[PDB]
There are 2 protein chains.
Amino acid sequence: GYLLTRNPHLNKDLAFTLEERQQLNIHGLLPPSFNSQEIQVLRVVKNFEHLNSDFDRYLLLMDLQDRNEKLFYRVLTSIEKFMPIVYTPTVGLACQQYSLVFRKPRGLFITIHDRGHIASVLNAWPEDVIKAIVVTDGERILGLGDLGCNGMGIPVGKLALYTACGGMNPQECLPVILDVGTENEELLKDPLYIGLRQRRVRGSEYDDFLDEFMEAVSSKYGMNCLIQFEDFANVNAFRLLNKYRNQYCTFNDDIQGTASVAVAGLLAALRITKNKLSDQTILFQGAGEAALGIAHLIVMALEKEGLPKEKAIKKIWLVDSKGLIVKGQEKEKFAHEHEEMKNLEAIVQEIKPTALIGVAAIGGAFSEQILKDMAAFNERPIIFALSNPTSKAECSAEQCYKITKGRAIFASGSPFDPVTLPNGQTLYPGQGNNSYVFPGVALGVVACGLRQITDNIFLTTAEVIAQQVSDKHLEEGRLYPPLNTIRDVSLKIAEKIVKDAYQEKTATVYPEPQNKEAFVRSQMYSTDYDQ
Amino acid sequence: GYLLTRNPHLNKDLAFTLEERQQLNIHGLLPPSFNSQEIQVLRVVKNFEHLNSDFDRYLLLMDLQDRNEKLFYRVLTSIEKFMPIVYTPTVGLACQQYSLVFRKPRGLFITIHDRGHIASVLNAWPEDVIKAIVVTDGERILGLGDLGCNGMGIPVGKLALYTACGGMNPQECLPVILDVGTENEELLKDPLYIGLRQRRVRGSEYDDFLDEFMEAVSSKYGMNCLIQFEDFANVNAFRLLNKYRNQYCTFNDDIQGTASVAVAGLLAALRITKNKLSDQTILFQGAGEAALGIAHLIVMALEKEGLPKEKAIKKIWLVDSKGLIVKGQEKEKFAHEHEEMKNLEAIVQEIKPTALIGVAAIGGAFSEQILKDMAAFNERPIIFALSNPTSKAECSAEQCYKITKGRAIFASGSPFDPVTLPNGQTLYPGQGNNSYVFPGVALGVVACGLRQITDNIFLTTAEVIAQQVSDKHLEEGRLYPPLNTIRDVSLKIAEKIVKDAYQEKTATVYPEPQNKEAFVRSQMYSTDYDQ
């Protein structure tokens, strides 16, 4: 009775049927109205609206998650509207404020002071089958930097989207924060700070801590357990990724996810441009996490179409803070023989690229002159401003389409409003959202028991996403499927991963399903109340 | 472990000690910080402040009640600030909105459709010893009228103050709403309405329903169980009170509570005026619930000082909507031989009263002319504007003190800011708050097992409250003890009730305590986390 009411996996609030209330001894704990799930959603949505800030909407929906999970996920899937609330950008403001606003803890807090005993910290977690973990140490949260143990908002929001877009069982998800200290002065000063009041442990101590984590997780949950890293600083992010990705089932969404969407965007763009990936010359604003990831994956796509690596790598140039990368580590692989230059406007003139991709978080970088030039060299220039949030974007959709006379093929990381041209035709610039990628990958991988997540599954994931963009959508300027469809996109992504895994004997879940589409559906969470 | 976390009676959040977390298997469910109860309060208070409306503060504190009760009550007792949030006035806005905003149900919903089976509805309630119930049918909520099953906010807020001001164990409190329909057009129209979508059942069906309620309650919980009525319409409020108060342990705070504070105010005022209750002539604006209650209790006080009823009743006049009450039911008892009149200004001229008490909810009724006149007949006129909220008050403290040249002795139902006079002396008009009365009465009654709550215990309660007003306070214009002290006032009230009950053999809790003060303390809730 009343206990059921307090269990968020099984509580229905007013959706408890009049019979159920009588059979479960709760008739009287609730008011007389019965409410279908649809009337329930209407209520939540009305609230959602009447509230003054998105921050308050985040708080509303999180409280709802803590009380009626089915309804939480029902509200979200009813996504374009709510994903920005439950995750990025609003979840950044939540992390900033996590110590002020801390209420009902979700997830696991694992500290360096638990070194040697991590395995026992996991035993505090009430749920015994975990198939998906998201972890952070809170050091690099979006553009807000080091928020330490406040970083917990990030894994919690991310898994919400695993469940909502992908259908991961939320009871099999484990958000985790690793607290090794923080360099955040304000937090260390704050009497309300919930983390360890000390600076970040660095070096060998840190590395062994992480090693014990992966070992503990794989050991309690099995080596099939998916471990996604998120919002670590640049150097740790590559170090840990490359150290672990052939031993554990694991990826870093910030470099690998981002690589998959962007490429999907490119593949999609080739249908408008009607030429091959090998006919492109690609210039990156930025040479960090994302930039290198995307490039690596573009190279793979080039190999797949038939080019060797040497000829393929020559098609891509990068630009860092200190300027263009040329002959004089991972950067070194794209260091072609060329006179050094610094000015972006001049760089695009000498290189004259077919596609221009901004992943350096410097807003405005794609100036009128650069768009002017891109529109001059190319009948239809590809221009990706993928940096977040809107304020740090390399240029607006309006500026992009205005200056290129509507000829630019454009996508961004953060969403822009549809643009109407003088033409009268309205363009709908697509959003390079990592959530086209991670939910479907996680679902596929976990569904067939893949033990390692290779770059190939990110490539084929990009291919599936592009295959889902309709010619109608391309004509509307969309390089990605409408965000309303991600549930189906995710399912398509996961179907492909599973089909290939059985065909390649990489799967580990046996016996093999006779129907892979149904097999994937069988592993997807329903918004419906269990009877 | 995690279950404890979900139990609001025993959850400590960050106050869980580092040992406790390890012994209870929750180390990892919480971030690393330990927080004393005082740091916990600081957090909650910071939140409380940063929020945009009192309505949002109500929502904050209610969520906190649903998650960490000790901390909830700790925050409240840390009262002048928070009582307006958790109860009236803000709880009115909450009731208006209860169907939009409905989250985690508290209390019992008992419907006419449960007639014949009420006893079994009570069995859904998880708590087995209930010593205090507050009930409403939602028909007359403050000045907002009929809010039907949305009325549940009212008992829930009221019991919060029983616990906070009085120390009732919140686990032994039962908020109840009786849903017999509503006459509220908007609600009956509203798809989100949580109540019965029908008009109010009236007459014999209604009366038998209520009869079964009292019978069920007394039967499951014992005849000592305190049953307080609240926010019923006028006619039901007297009907039910008089029908039940010699059979069940029960009172109506709106008529009896109000009577106790007001009288306490009067008794307090006689120390400034330095004359006897028998030297007064009292005029009421209003002749309803409150008015008649107060008058009845003033009469008792007069009898106690030595007057017979006949001579005593002649000292009091009433005024209703249709005018002064004179010779031409309960009203009939004060109908003295006098020419009929309607104009209030003229009424105060012919009657020339020493004390003027407004309990008709008509704001502004005490006009400049009336205050002018009151200040003319009396060196120090007593003027009570007890109607709520501020907007419906018979006059402001500023208007009262300005127009009477600082000579008026003033109290109100709703709080007014301190007034500085030309004198330089600052006056602090007291608030005739029912919460000086109900918490201490409930505590006393329940503590010694009184089976019926007589008018005498309301009279002596008024006496105790006045006895607590210091001569310093009287000089500052306060007719009630500072609202910060109610915990002690309540305790004084309950001590008196208990001492007298044993001296009069009216108590039913035996064996008799040797020390009644300690005995009362023993029955008071602590804000401290149980070890």
Side-chain angles (χ1 to χ4, degrees), chain A residues 1-3 5-7 13-14 21 25-33 35 39 42-43 47 51-53 56 64 66-67 97-103 105-111 113-114 117 120-126 149-150 152 177 179 191-197, chain B residues 1-3 5-7 13-14 21 25-33 35 39 42-43 47 51-53 56 64 66-67 97-103 105-111 113-114 117 120-126 149-150 152 177 179 191-197:
Chain A
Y2 165 81
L3 299 188
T5 264
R6 289 289 191 147
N7 170 38
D13 308 304
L14 303 187
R21 292 165 199 212
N25 194 32
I26 55 167
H27 180 91
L29 303 186
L30 295 162
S33 296
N35 291 352
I39 275 69
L42 170 57
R43 177 170 298 110
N47 273 67
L51 294 163
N52 201 16
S53 73
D56 305 298
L64 170 60
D66 179 72
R67 167 212 331 157
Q97 219 78 3
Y98 221 72
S99 282
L100 211 195
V101 90
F102 183 75
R103 290 175 212 331
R106 322 205 65 79
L108 266 188
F109 299 85
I110 300 173
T111 262
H113 304 335
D114 301 315
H117 308 281
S120 80
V121 174
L122 296 178
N123 297 333
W125 190 249
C149 194
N150 281 13
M152 178 54 96
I177 189 139
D179 189 346
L192 299 182
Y193 183 51
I194 67 183
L196 296 185
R197 210 175 257 110
Chain B
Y2 165 81
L3 299 188
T5 264
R6 289 289 191 147
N7 170 38
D13 308 304
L14 303 187
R21 292 165 199 212
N25 194 32
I26 55 167
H27 180 91
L29 303 186
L30 295 162
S33 296
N35 291 352
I39 275 69
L42 170 57
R43 177 170 298 110
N47 273 67
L51 294 163
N52 201 15
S53 73
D56 305 298
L64 170 60
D66 179 72
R67 167 212 331 157
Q97 219 78 3
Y98 221 72
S99 282
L100 211 195
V101 90
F102 183 75
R103 290 175 212 331
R106 322 205 65 79
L108 266 188
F109 299 85
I110 300 173
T111 262
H113 304 335
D114 301 315
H117 308 281
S120 80
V121 174
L122 296 178
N123 297 333
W125 190 249
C149 194
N150 281 13
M152 178 54 96
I177 189 139
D179 189 346
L192 299 182
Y193 183 51
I194 67 183
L196 296 185
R197 210 175 257 110

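Hydrogens, waters and symmetry mates play no part in the numbers below; they use all other heavy atoms, side chains included. Chain identifiers are assigned alphabetically (A, B, ...) following the order of the sequence lines, protein sequences preceding nucleic acid strands; residue numbering begins at 1 within each chain.
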Completion exercise
The interface call for B:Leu108 against chain A, heavy-atom contacts under 4.5 Å, is both

Exercise for the section: Report the option among B:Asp114, B:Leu3, B:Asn35 that has the most heavy-atom pairs separated by less than 4.5 Å from atoms of chain A. Expected result: B:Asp114

Handout entry: B:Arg21 side chain vs B:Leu14 backbone, donor-acceptor pair below 3.5 Å
Key = yes

Handout entry: Test item: A:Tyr193 side-chain N/O and A:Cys149 main-chain N/O as donor-acceptor pair under 3.5 Å
Key = yes

Problem - Residue part contacting chain A, namely of B:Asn7, when any heavy atom lies under 4.5 Å - result: neither

Fill in the blank from the handout: Note: vs chain B, highest number of non-hydrogen pairs under 4.5 angstrom among A:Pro126, A:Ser33, A:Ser99 is A:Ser33

Fill in the blank from the handout: Residues at least two apart in sequence or cross-chain that pass side-chain contact (heavy atoms from CB on, under 4.5 Å) with B:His113, listed by chain then number, are B:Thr111, B:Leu196, B:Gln198

Practice task
Identify the two heavy atoms, one from B:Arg106 and one from B:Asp66, that lie closest to each other, and give their separation to 0.1 Å.
Solution key: NH1-OD1, 2.8 Å

